[PDB]
>>> print(open('input_36.pdb').read())   # PDB, C-alpha atoms and all ligand atoms
ATOM      1  CA  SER L  56      71.260 -23.861   6.070
ATOM      2  CA  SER L  57      71.561 -22.350   9.632
ATOM      3  CA  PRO L  58      71.255 -25.628  11.537
ATOM      4  CA  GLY L  59      69.501 -24.364  14.765
ATOM      5  CA  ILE L  60      66.802 -22.019  13.367
ATOM      6  CA  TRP L  61      63.155 -22.823  13.412
ATOM      7  CA  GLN L  62      59.967 -20.894  12.583
ATOM      8  CA  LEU L  63      56.587 -21.327  14.308
ATOM      9  CA  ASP L  64      53.489 -21.202  12.091
ATOM     10  CA  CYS L  65      49.901 -21.556  13.335
ATOM     11  CA  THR L  66      47.173 -22.487  10.824
ATOM     12  CA  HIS L  67      43.465 -23.329  11.182
ATOM     13  CA  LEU L  68      41.307 -26.162   9.897
ATOM     14  CA  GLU L  69      37.962 -27.635  11.035
ATOM     15  CA  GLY L  70      37.630 -25.025  13.769
ATOM     16  CA  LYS L  71      40.871 -26.300  15.253
ATOM     17  CA  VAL L  72      44.375 -25.002  15.376
ATOM     18  CA  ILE L  73      47.436 -26.693  13.904
ATOM     19  CA  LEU L  74      50.752 -25.502  15.380
ATOM     20  CA  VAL L  75      53.776 -26.184  13.119
ATOM     21  CA  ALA L  76      57.484 -25.743  13.723
ATOM     22  CA  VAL L  77      59.535 -25.520  10.474
ATOM     23  CA  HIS L  78      63.226 -26.082  10.407
ATOM     24  CA  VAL L  79      63.902 -23.228   8.062
ATOM     25  CA  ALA L  80      67.027 -24.547   6.224
ATOM     26  CA  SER L  81      65.521 -27.973   5.500
ATOM     27  CA  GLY L  82      61.712 -27.467   5.375
ATOM     28  CA  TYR L  83      61.373 -30.385   7.857
ATOM     29  CA  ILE L  84      58.433 -29.954  10.223
ATOM     30  CA  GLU L  85      56.804 -31.109  13.423
ATOM     31  CA  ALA L  86      53.089 -30.202  14.082
ATOM     32  CA  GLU L  87      50.343 -30.723  16.549
ATOM     33  CA  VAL L  88      46.655 -30.068  16.779
ATOM     34  CA  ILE L  89      45.636 -27.899  19.791
ATOM     35  CA  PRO L  90      42.181 -26.535  20.781
ATOM     36  CA  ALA L  91      43.499 -22.955  20.724
ATOM     37  CA  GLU L  92      46.860 -21.267  20.443
ATOM     38  CA  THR L  93      47.684 -20.195  24.025
ATOM     39  CA  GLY L  94      51.145 -19.354  25.518
ATOM     40  CA  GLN L  95      50.879 -22.584  27.567
ATOM     41  CA  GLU L  96      50.250 -24.785  24.452
ATOM     42  CA  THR L  97      53.019 -23.015  22.482
ATOM     43  CA  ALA L  98      55.492 -23.266  25.407
ATOM     44  CA  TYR L  99      54.807 -27.015  25.733
ATOM     45  CA  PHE L 100      55.157 -27.587  21.991
ATOM     46  CA  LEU L 101      58.574 -25.776  22.084
ATOM     47  CA  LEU L 102      59.760 -27.826  25.040
ATOM     48  CA  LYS L 103      58.949 -30.971  23.077
ATOM     49  CA  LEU L 104      60.637 -29.792  19.877
ATOM     50  CA  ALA L 105      63.813 -28.684  21.703
ATOM     51  CA  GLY L 106      64.086 -32.068  23.516
ATOM     52  CA  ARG L 107      64.041 -33.719  20.051
ATOM     53  CA  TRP L 108      66.237 -31.459  17.859
ATOM     54  CA  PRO L 109      68.929 -28.835  18.690
ATOM     55  CA  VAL L 110      66.665 -25.771  18.615
ATOM     56  CA  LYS L 111      68.827 -22.621  18.898
ATOM     57  CA  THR L 112      66.560 -19.976  17.691
ATOM     58  CA  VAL L 113      62.828 -19.779  17.186
ATOM     59  CA  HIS L 114      61.049 -17.175  15.115
ATOM     60  CA  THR L 115      57.719 -16.950  16.903
ATOM     61  CA  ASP L 116      54.581 -16.885  14.785
ATOM     62  CA  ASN L 117      52.923 -13.748  16.309
ATOM     63  CA  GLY L 118      53.416 -11.045  18.902
ATOM     64  CA  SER L 119      51.283 -12.678  21.562
ATOM     65  CA  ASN L 120      53.612 -15.753  21.703
ATOM     66  CA  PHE L 121      56.640 -13.438  21.373
ATOM     67  CA  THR L 122      55.319 -11.534  24.459
ATOM     68  CA  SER L 123      53.944 -14.513  26.436
ATOM     69  CA  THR L 124      55.745 -15.031  29.742
ATOM     70  CA  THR L 125      55.009 -18.743  29.518
ATOM     71  CA  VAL L 126      56.586 -18.978  26.036
ATOM     72  CA  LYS L 127      59.594 -16.980  27.253
ATOM     73  CA  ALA L 128      59.949 -19.314  30.298
ATOM     74  CA  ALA L 129      59.969 -22.463  28.044
ATOM     75  CA  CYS L 130      62.491 -20.796  25.743
ATOM     76  CA  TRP L 131      64.707 -19.960  28.750
ATOM     77  CA  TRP L 132      64.288 -23.507  30.129
ATOM     78  CA  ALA L 133      65.190 -25.185  26.795
ATOM     79  CA  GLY L 134      68.100 -22.776  25.879
ATOM     80  CA  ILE L 135      66.206 -21.284  22.899
ATOM     81  CA  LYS L 136      66.693 -17.709  21.748
ATOM     82  CA  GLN L 137      63.223 -16.416  21.133
ATOM     83  CA  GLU L 138      63.013 -14.033  18.167
ATOM     84  CA  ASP L 139      60.274 -12.270  16.300
ATOM     85  CA  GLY L 140      59.103 -13.732  12.944
ATOM     86  CA  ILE L 141      58.900 -10.461  11.013
ATOM     87  CA  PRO L 142      59.388 -11.356   7.308
ATOM     88  CA  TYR L 143      62.443  -9.130   6.665
ATOM     89  CA  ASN L 144      62.660 -11.373   3.696
ATOM     90  CA  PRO L 145      59.155 -11.082   2.197
ATOM     91  CA  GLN L 146      59.624 -14.412   0.401
ATOM     92  CA  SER L 147      59.073 -15.890   3.995
ATOM     93  CA  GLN L 148      55.338 -15.121   4.111
ATOM     94  CA  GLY L 149      54.876 -16.897   0.730
ATOM     95  CA  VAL L 150      56.874 -20.002   1.746
ATOM     96  CA  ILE L 151      54.861 -20.463   4.953
ATOM     97  CA  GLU L 152      51.499 -19.867   3.167
ATOM     98  CA  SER L 153      52.416 -22.486   0.532
ATOM     99  CA  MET L 154      53.396 -25.031   3.258
ATOM    100  CA  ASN L 155      50.088 -24.433   4.984
ATOM    101  CA  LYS L 156      48.226 -24.997   1.738
ATOM    102  CA  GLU L 157      50.291 -28.118   0.978
ATOM    103  CA  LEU L 158      49.656 -29.428   4.521
ATOM    104  CA  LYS L 159      45.931 -28.862   4.231
ATOM    105  CA  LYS L 160      45.850 -30.617   0.863
ATOM    106  CA  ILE L 161      47.562 -33.729   2.340
ATOM    107  CA  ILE L 162      45.156 -33.606   5.234
ATOM    108  CA  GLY L 163      42.294 -33.713   2.731
ATOM    109  CA  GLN L 164      43.934 -36.627   0.868
ATOM    110  CA  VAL L 165      44.036 -38.695   4.115
ATOM    111  CA  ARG L 166      40.456 -38.017   5.253
ATOM    112  CA  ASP L 167      39.049 -41.350   4.305
ATOM    113  CA  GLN L 168      41.731 -42.854   6.663
ATOM    114  CA  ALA L 169      41.796 -40.835   9.894
ATOM    115  CA  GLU L 170      38.768 -40.422  12.197
ATOM    116  CA  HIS L 171      40.447 -37.581  14.182
ATOM    117  CA  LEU L 172      42.139 -34.524  12.795
ATOM    118  CA  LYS L 173      45.243 -35.127  14.959
ATOM    119  CA  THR L 174      45.868 -38.395  13.053
ATOM    120  CA  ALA L 175      45.498 -36.734   9.635
ATOM    121  CA  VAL L 176      47.942 -33.971  10.735
ATOM    122  CA  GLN L 177      50.565 -36.529  11.806
ATOM    123  CA  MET L 178      50.043 -38.402   8.447
ATOM    124  CA  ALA L 179      50.611 -35.013   6.728
ATOM    125  CA  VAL L 180      53.808 -34.443   8.812
ATOM    126  CA  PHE L 181      55.007 -37.874   7.711
ATOM    127  CA  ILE L 182      54.249 -37.363   3.989
ATOM    128  CA  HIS L 183      55.749 -33.785   4.084
ATOM    129  CA  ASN L 184      58.961 -34.891   5.737
ATOM    130  CA  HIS L 185      59.494 -37.951   3.522
ATOM    131  CA  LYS L 186      58.562 -36.224   0.193
ATOM    132  CA  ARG L 187      61.540 -36.307  -2.219
ATOM    133  CA  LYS L 188      62.004 -32.885  -4.010
ATOM    134  CA  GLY L 192      68.635 -34.513  -4.606
ATOM    135  CA  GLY L 193      65.972 -35.490  -4.777
ATOM    136  CA  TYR L 194      66.436 -35.434  -0.995
ATOM    137  CA  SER L 195      63.533 -35.265   1.513
ATOM    138  CA  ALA L 196      63.297 -32.606   4.248
ATOM    139  CA  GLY L 197      63.992 -35.415   6.778
ATOM    140  CA  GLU L 198      67.201 -36.191   4.981
ATOM    141  CA  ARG L 199      68.170 -32.557   4.683
ATOM    142  CA  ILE L 200      67.706 -31.704   8.374
ATOM    143  CA  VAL L 201      69.810 -34.725   9.451
ATOM    144  CA  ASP L 202      72.541 -33.812   6.865
ATOM    145  CA  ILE L 203      72.520 -30.158   7.975
ATOM    146  CA  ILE L 204      72.766 -30.883  11.670
ATOM    147  CA  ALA L 205      75.369 -33.722  11.240
ATOM    148  CA  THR L 206      77.594 -31.396   9.126
ATOM    149  CA  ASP L 207      77.271 -28.806  11.870
ATOM    150  CA  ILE L 208      78.316 -31.343  14.603
ATOM    151  CA  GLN L 209      81.448 -32.372  12.581
TER     152      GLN L 209
ATOM    153  CA  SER S  56      71.897 -50.792  16.265
ATOM    154  CA  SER S  57      70.932 -50.494  12.592
ATOM    155  CA  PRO S  58      70.117 -46.680  12.012
ATOM    156  CA  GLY S  59      66.343 -47.521  11.576
ATOM    157  CA  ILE S  60      65.751 -49.669  14.767
ATOM    158  CA  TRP S  61      63.730 -48.460  17.687
ATOM    159  CA  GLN S  62      62.398 -50.133  20.859
ATOM    160  CA  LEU S  63      59.113 -49.266  22.590
ATOM    161  CA  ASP S  64      59.137 -49.208  26.407
ATOM    162  CA  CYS S  65      56.138 -48.386  28.622
ATOM    163  CA  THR S  66      56.749 -47.354  32.228
ATOM    164  CA  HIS S  67      54.437 -46.118  35.012
ATOM    165  CA  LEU S  68      54.540 -43.148  37.389
ATOM    166  CA  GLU S  69      51.856 -41.231  39.361
ATOM    167  CA  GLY S  70      49.246 -43.785  38.196
ATOM    168  CA  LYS S  71      49.908 -42.643  34.624
ATOM    169  CA  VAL S  72      51.721 -44.353  31.822
ATOM    170  CA  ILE S  73      54.817 -43.048  30.052
ATOM    171  CA  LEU S  74      55.367 -44.470  26.533
ATOM    172  CA  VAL S  75      59.005 -44.204  25.315
ATOM    173  CA  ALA S  76      60.586 -45.059  21.955
ATOM    174  CA  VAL S  77      64.359 -45.510  22.197
ATOM    175  CA  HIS S  78      66.553 -45.399  19.126
ATOM    176  CA  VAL S  79      68.576 -48.449  20.108
ATOM    177  CA  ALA S  80      71.971 -47.477  18.534
ATOM    178  CA  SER S  81      72.102 -43.957  20.026
ATOM    179  CA  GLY S  82      69.956 -44.156  23.196
ATOM    180  CA  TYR S  83      67.999 -41.073  21.906
ATOM    181  CA  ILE S  84      64.336 -41.113  23.002
ATOM    182  CA  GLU S  85      60.966 -39.578  22.441
ATOM    183  CA  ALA S  86      58.207 -40.095  25.091
ATOM    184  CA  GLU S  87      54.698 -39.178  25.925
ATOM    185  CA  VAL S  88      52.345 -39.416  28.855
ATOM    186  CA  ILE S  89      49.099 -41.338  28.028
ATOM    187  CA  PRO S  90      46.129 -42.261  30.253
ATOM    188  CA  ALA S  91      46.602 -45.972  29.465
ATOM    189  CA  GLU S  92      48.609 -48.048  27.030
ATOM    190  CA  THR S  93      46.041 -48.954  24.399
ATOM    191  CA  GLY S  94      46.658 -50.131  20.739
ATOM    192  CA  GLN S  95      45.190 -46.758  19.598
ATOM    193  CA  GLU S  96      47.636 -44.630  21.764
ATOM    194  CA  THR S  97      50.576 -46.796  20.745
ATOM    195  CA  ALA S  98      49.642 -46.616  17.022
ATOM    196  CA  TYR S  99      49.354 -42.827  17.197
ATOM    197  CA  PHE S 100      52.634 -42.471  19.028
ATOM    198  CA  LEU S 101      54.329 -44.640  16.316
ATOM    199  CA  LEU S 102      52.780 -42.561  13.522
ATOM    200  CA  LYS S 103      54.235 -39.425  15.163
ATOM    201  CA  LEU S 104      57.673 -40.962  15.664
ATOM    202  CA  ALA S 105      57.896 -42.271  12.048
ATOM    203  CA  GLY S 106      56.943 -38.854  10.578
ATOM    204  CA  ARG S 107      59.934 -37.393  12.585
ATOM    205  CA  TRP S 108      62.721 -40.013  12.187
ATOM    206  CA  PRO S 109      63.263 -42.787   9.597
ATOM    207  CA  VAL S 110      61.799 -45.629  11.657
ATOM    208  CA  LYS S 111      62.416 -48.969   9.896
ATOM    209  CA  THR S 112      61.859 -51.447  12.618
ATOM    210  CA  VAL S 113      60.066 -51.246  15.920
ATOM    211  CA  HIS S 114      60.552 -53.777  18.733
ATOM    212  CA  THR S 115      57.169 -53.600  20.425
ATOM    213  CA  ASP S 116      57.127 -53.451  24.217
ATOM    214  CA  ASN S 117      54.615 -56.305  24.851
ATOM    215  CA  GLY S 118      52.537 -58.925  23.096
ATOM    216  CA  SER S 119      49.347 -56.899  23.250
ATOM    217  CA  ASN S 120      50.870 -54.066  21.136
ATOM    218  CA  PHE S 121      52.545 -56.698  18.901
ATOM    219  CA  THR S 122      49.117 -58.318  18.356
ATOM    220  CA  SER S 123      47.016 -55.105  18.185
ATOM    221  CA  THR S 124      45.328 -54.618  14.829
ATOM    222  CA  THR S 125      45.485 -50.868  15.329
ATOM    223  CA  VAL S 126      49.266 -50.979  16.014
ATOM    224  CA  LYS S 127      49.819 -53.203  12.947
ATOM    225  CA  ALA S 128      47.739 -50.737  10.796
ATOM    226  CA  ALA S 129      49.899 -47.738  11.914
ATOM    227  CA  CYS S 130      53.062 -49.748  11.239
ATOM    228  CA  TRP S 131      51.736 -50.681   7.745
ATOM    229  CA  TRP S 132      50.799 -47.037   7.092
ATOM    230  CA  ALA S 133      54.166 -45.627   8.169
ATOM    231  CA  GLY S 134      56.297 -48.368   6.473
ATOM    232  CA  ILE S 135      57.568 -49.788   9.804
ATOM    233  CA  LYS S 136      58.453 -53.441  10.275
ATOM    234  CA  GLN S 137      56.789 -54.461  13.489
ATOM    235  CA  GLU S 138      58.847 -56.940  15.505
ATOM    236  CA  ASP S 139      58.668 -58.507  18.993
ATOM    237  CA  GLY S 140      60.876 -57.129  21.768
ATOM    238  CA  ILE S 141      62.023 -60.525  23.133
ATOM    239  CA  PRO S 142      65.451 -59.805  24.729
ATOM    240  CA  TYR S 143      67.400 -62.503  22.830
ATOM    241  CA  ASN S 144      70.233 -60.501  24.271
ATOM    242  CA  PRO S 145      69.520 -60.359  28.047
ATOM    243  CA  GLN S 146      71.462 -57.084  28.678
ATOM    244  CA  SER S 147      68.395 -55.445  26.947
ATOM    245  CA  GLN S 148      66.087 -55.897  29.971
ATOM    246  CA  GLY S 149      68.733 -54.138  32.090
ATOM    247  CA  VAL S 150      69.470 -51.280  29.636
ATOM    248  CA  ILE S 151      65.731 -50.491  29.440
ATOM    249  CA  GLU S 152      65.217 -50.813  33.251
ATOM    250  CA  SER S 153      68.133 -48.482  33.810
ATOM    251  CA  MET S 154      66.752 -45.877  31.379
ATOM    252  CA  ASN S 155      63.367 -46.012  33.124
ATOM    253  CA  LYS S 156      64.968 -45.398  36.468
ATOM    254  CA  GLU S 157      67.110 -42.492  35.094
ATOM    255  CA  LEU S 158      64.032 -41.051  33.444
ATOM    256  CA  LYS S 159      62.072 -41.219  36.685
ATOM    257  CA  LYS S 160      65.011 -39.678  38.543
ATOM    258  CA  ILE S 161      65.018 -36.706  36.211
ATOM    259  CA  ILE S 162      61.276 -36.400  36.475
ATOM    260  CA  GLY S 163      61.742 -36.121  40.245
ATOM    261  CA  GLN S 164      64.498 -33.475  39.832
ATOM    262  CA  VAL S 165      62.068 -31.249  37.772
ATOM    263  CA  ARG S 166      58.930 -31.597  39.901
ATOM    264  CA  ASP S 167      59.398 -28.311  41.599
ATOM    265  CA  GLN S 168      59.126 -26.850  38.047
ATOM    266  CA  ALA S 169      56.290 -28.610  36.257
ATOM    267  CA  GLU S 170      52.633 -28.563  37.363
ATOM    268  CA  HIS S 171      51.688 -31.461  34.985
ATOM    269  CA  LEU S 172      53.503 -34.760  34.643
ATOM    270  CA  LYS S 173      53.574 -34.339  30.850
ATOM    271  CA  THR S 174      55.813 -31.253  31.179
ATOM    272  CA  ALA S 175      58.212 -33.049  33.539
ATOM    273  CA  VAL S 176      58.412 -36.019  31.094
ATOM    274  CA  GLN S 177      59.294 -33.718  28.163
ATOM    275  CA  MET S 178      61.918 -31.934  30.462
ATOM    276  CA  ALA S 179      63.305 -35.479  31.101
ATOM    277  CA  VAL S 180      63.365 -36.259  27.316
ATOM    278  CA  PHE S 181      65.269 -33.025  26.835
ATOM    279  CA  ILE S 182      67.854 -33.610  29.597
ATOM    280  CA  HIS S 183      68.250 -37.333  28.499
ATOM    281  CA  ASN S 184      68.842 -36.488  24.834
ATOM    282  CA  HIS S 185      71.270 -33.618  25.503
ATOM    283  CA  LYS S 186      73.306 -35.379  28.295
ATOM    284  CA  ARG S 187      76.957 -35.826  27.263
ATOM    285  CA  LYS S 188      78.453 -39.308  28.079
ATOM    286  CA  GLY S 193      81.688 -37.109  24.864
ATOM    287  CA  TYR S 194      78.646 -37.007  22.532
ATOM    288  CA  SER S 195      74.933 -36.771  23.489
ATOM    289  CA  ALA S 196      72.248 -39.241  22.330
ATOM    290  CA  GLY S 197      70.886 -36.407  20.119
ATOM    291  CA  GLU S 198      74.268 -36.059  18.516
ATOM    292  CA  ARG S 199      74.720 -39.778  18.028
ATOM    293  CA  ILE S 200      71.340 -40.362  16.351
ATOM    294  CA  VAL S 201      71.991 -37.520  13.872
ATOM    295  CA  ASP S 202      75.535 -38.874  13.130
ATOM    296  CA  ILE S 203      74.223 -42.446  12.740
ATOM    297  CA  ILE S 204      71.382 -41.555  10.334
ATOM    298  CA  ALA S 205      73.507 -38.990   8.347
ATOM    299  CA  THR S 206      76.270 -41.660   7.894
ATOM    300  CA  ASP S 207      73.585 -44.017   6.719
ATOM    301  CA  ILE S 208      72.102 -41.507   4.135
ATOM    302  CA  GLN S 209      75.613 -40.800   2.690
TER     303      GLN S 209
HETATM  304  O1  LIG L 301      64.305 -40.326   5.852
HETATM  305  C1  LIG L 301      65.159 -39.785   6.643
HETATM  306  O2  LIG L 301      66.427 -39.912   6.629
HETATM  307  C2  LIG L 301      64.610 -38.941   7.737
HETATM  308  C3  LIG L 301      65.538 -38.349   8.578
HETATM  309  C4  LIG L 301      65.157 -37.565   9.642
HETATM  310  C5  LIG L 301      63.823 -37.342   9.873
HETATM  311  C6  LIG L 301      62.879 -37.917   9.054
HETATM  312  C7  LIG L 301      63.257 -38.710   8.010
HETATM  313  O3  LIG L 301      62.123 -39.140   7.360
HETATM  314  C8  LIG L 301      61.076 -38.401   7.932
HETATM  315  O4  LIG L 301      61.481 -37.751   9.147
HETATM  316  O1  LIG L 302      72.370 -31.624  20.154
HETATM  317  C1  LIG L 302      72.117 -32.167  19.026
HETATM  318  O2  LIG L 302      72.849 -32.159  17.984
HETATM  319  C2  LIG L 302      70.825 -32.898  18.873
HETATM  320  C3  LIG L 302      70.598 -33.510  17.640
HETATM  321  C4  LIG L 302      69.436 -34.201  17.348
HETATM  322  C5  LIG L 302      68.471 -34.307  18.325
HETATM  323  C6  LIG L 302      68.665 -33.715  19.550
HETATM  324  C7  LIG L 302      69.812 -33.012  19.824
HETATM  325  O3  LIG L 302      69.775 -32.528  21.106
HETATM  326  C8  LIG L 302      68.485 -32.921  21.560
HETATM  327  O4  LIG L 302      67.770 -33.784  20.636
END
>>> encode(input="input_36.pdb", output="structure tokens", more="lines below")
Ligand SMILES: O=C(O)c1cccc2c1OCO2
Ligand SMILES: O=C(O)c1cccc2c1OCO2
Amino acid sequence: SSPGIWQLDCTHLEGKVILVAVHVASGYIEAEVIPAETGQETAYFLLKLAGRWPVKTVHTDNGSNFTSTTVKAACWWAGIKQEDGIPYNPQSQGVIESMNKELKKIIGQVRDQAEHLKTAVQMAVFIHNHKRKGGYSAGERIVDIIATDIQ
Amino acid sequence: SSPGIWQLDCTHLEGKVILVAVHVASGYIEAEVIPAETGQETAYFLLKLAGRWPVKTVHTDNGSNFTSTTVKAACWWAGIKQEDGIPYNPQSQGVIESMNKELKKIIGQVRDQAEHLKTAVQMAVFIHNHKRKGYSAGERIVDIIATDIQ
């Protein structure tokens, strides 16, 4: 449960890009729809995440965001250690692929309800983070993990 | 002051609107820049907030968002009790006014650094939530909700 570590994950749907940050120890996520994954979009997403949770380390999702000066500048600004996201544990690739599939399935389940993709993605964030698996939810786990770490 | 209670607050800068949700018991915030405060923007912001923290009650920032069918639909969807934001306790007006001024002060302190207002507002959320007063608001909200879960 290393309380400060997050992983970036970028997935595609409807010609659009969904950027996800996963808190690795809990499975809790935040996500956004963007028109394309650029360093600027990723840097802004990181700044938002790190203002909201104590982001110590981020495993970036690809080499272009690992390289990006703009991403490195947001990581410097927000006190984040930027790392690569090489699956030294190969069970990592499989966990992220399954989350993406789960997220896309929830997006499909909420399509009668959202006119824009960005709404369906935030409904999927909500359902993902509140899902009991404990059975604790990922929202409960990340709070428990970080609070234990503060104490 | 319950773990689940938040207050909406809408403030203006640079002819743009900044929408803030404050977790009342900790002072922790999330905020966004929007072109205008409409029911649709407010409903979307609430959906985002409630997928991220366990939002039980929202004190809406004005009667238009309290009334808005779109705001009520997002609160229904996310399981949030929508309430008014009448300051039955008058030290509320002043606590919110003071946060707006501190937020605008930080936005000013980061303007050499951000080309867009939205970046400066998220730098201000970051500095607000990490500021030690000695725990930070980010620490207090985590402690409050974890104590509640346990
Ligand atoms: O239910 C929770 O305690 C919770 C805690 C932290 C974050 C969250 C949560 O629900 C979804 O996003
Ligand atoms: O520093 C923290 O524990 C913290 C915890 C939860 C949320 C946050 C935080 O800092 C910024 O936003």
>>> closest_residue(input="input_36.pdb", among="S:199, S:75, S:106, S:130", to="ligand LIG 301 (chain L)", atoms="only C-alpha atoms and all ligand atoms")
S:106
>>> interface_residues(input="input_36.pdb", of="chain S", to="chain L", cutoff="8 Å", atoms="all atoms listed in the file", output="list in words")
residues 84, 85, 99, 102, 103, 105, 106, 107, 108, 109, 133, 174, 177, 178, 180, 181, 182, 184, 185, 197, 198, 201, 202, 204, 205 and 208 of chain S
>>> resolve_selection(input="input_36.pdb", expression="the PyMOL selection byres (((chain L and resi 157-160) around 9) and not hetatm)", output="PyMOL selection string")
chain L and resi 68+152-156+161-165+176+179-180+183
>>> atom_distance(input="input_36.pdb", atom1="atom CA of residue 125 of chain S", atom2="atom CA of residue 87 of chain S")
18.3 Å
>>> atom_distance(input="input_36.pdb", atom1="atom CA of residue 137 of chain S", atom2="atom CA of residue 114 of chain S")
6.5 Å
>>> atom_distance(input="input_36.pdb", atom1="atom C7 of ligand LIG 301 (chain L)", atom2="atom CA of residue 79 of chain S")
16.4 Å
>>> residues_around(input="input_36.pdb", residues="residue 114 of chain L", least_positions_apart="5", cutoff="10 Å", atoms="all atoms listed in the file", output="number ranges by chain")
L: 60-64, 76-77, 79, 121, 136-142
>>> resolve_selection(input="input_36.pdb", expression="the PyMOL selection byres (((chain S and resi 175) around 10) and not hetatm)", output="ChimeraX atom specification")
/S:88,158-159,161-174,176-181
>>> closest_residue(input="input_36.pdb", among="L:110, L:82, L:128, L:172", to="ligand LIG 301 (chain L)", atoms="all atoms listed in the file")
L:82
>>> build_atoms(input="input_36.pdb", residues="segment 97-116 of chain L", atoms="N, CA and C atoms", output="CSV table (one decimal), in the frame of the given file")
chain,number,residue,atom,x,y,z
L,97,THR,N,51.8,-23.3,23.3
L,97,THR,CA,53.0,-23.0,22.5
L,97,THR,C,54.3,-23.4,23.3
L,98,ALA,N,54.3,-23.0,24.5
L,98,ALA,CA,55.5,-23.3,25.4
L,98,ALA,C,55.7,-24.8,25.5
L,99,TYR,N,54.7,-25.5,25.6
L,99,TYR,CA,54.8,-27.0,25.7
L,99,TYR,C,55.3,-27.6,24.4
L,100,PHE,N,54.7,-27.1,23.3
L,100,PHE,CA,55.2,-27.6,22.0
L,100,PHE,C,56.7,-27.3,21.8
L,101,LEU,N,57.1,-26.1,22.1
L,101,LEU,CA,58.6,-25.8,22.1
L,101,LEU,C,59.4,-26.7,22.9
L,102,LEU,N,59.0,-26.9,24.1
L,102,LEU,CA,59.8,-27.8,25.0
L,102,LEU,C,59.9,-29.2,24.4
L,103,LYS,N,58.8,-29.7,23.8
L,103,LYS,CA,58.9,-31.0,23.1
L,103,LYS,C,59.9,-30.9,21.9
L,104,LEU,N,59.8,-29.9,21.1
L,104,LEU,CA,60.6,-29.8,19.9
L,104,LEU,C,62.1,-29.7,20.3
L,105,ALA,N,62.4,-28.9,21.3
L,105,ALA,CA,63.8,-28.7,21.7
L,105,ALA,C,64.4,-29.9,22.4
L,106,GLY,N,63.6,-30.8,22.9
L,106,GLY,CA,64.1,-32.1,23.5
L,106,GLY,C,64.4,-33.0,22.4
L,107,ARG,N,64.0,-32.8,21.2
L,107,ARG,CA,64.0,-33.7,20.1
L,107,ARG,C,65.0,-33.3,19.0
L,108,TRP,N,65.2,-32.0,18.8
L,108,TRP,CA,66.2,-31.5,17.9
L,108,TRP,C,66.9,-30.3,18.5
L,109,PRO,N,68.1,-29.9,18.0
L,109,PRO,CA,68.9,-28.8,18.7
L,109,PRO,C,68.4,-27.5,18.3
L,110,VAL,N,67.4,-27.0,18.9
L,110,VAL,CA,66.7,-25.8,18.6
L,110,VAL,C,67.4,-24.6,19.2
L,111,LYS,N,68.1,-23.8,18.4
L,111,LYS,CA,68.8,-22.6,18.9
L,111,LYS,C,68.1,-21.4,18.9
L,112,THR,N,67.3,-21.2,17.8
L,112,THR,CA,66.6,-20.0,17.7
L,112,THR,C,65.2,-20.3,17.2
L,113,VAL,N,64.2,-19.7,17.8
L,113,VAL,CA,62.8,-19.8,17.2
L,113,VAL,C,62.3,-18.4,16.8
L,114,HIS,N,61.8,-18.4,15.6
L,114,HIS,CA,61.0,-17.2,15.1
L,114,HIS,C,59.6,-17.4,15.5
L,115,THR,N,59.1,-16.7,16.4
L,115,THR,CA,57.7,-17.0,16.9
L,115,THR,C,56.7,-16.5,15.8
L,116,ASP,N,55.5,-17.0,15.9
L,116,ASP,CA,54.6,-16.9,14.8
L,116,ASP,C,53.8,-15.6,14.9
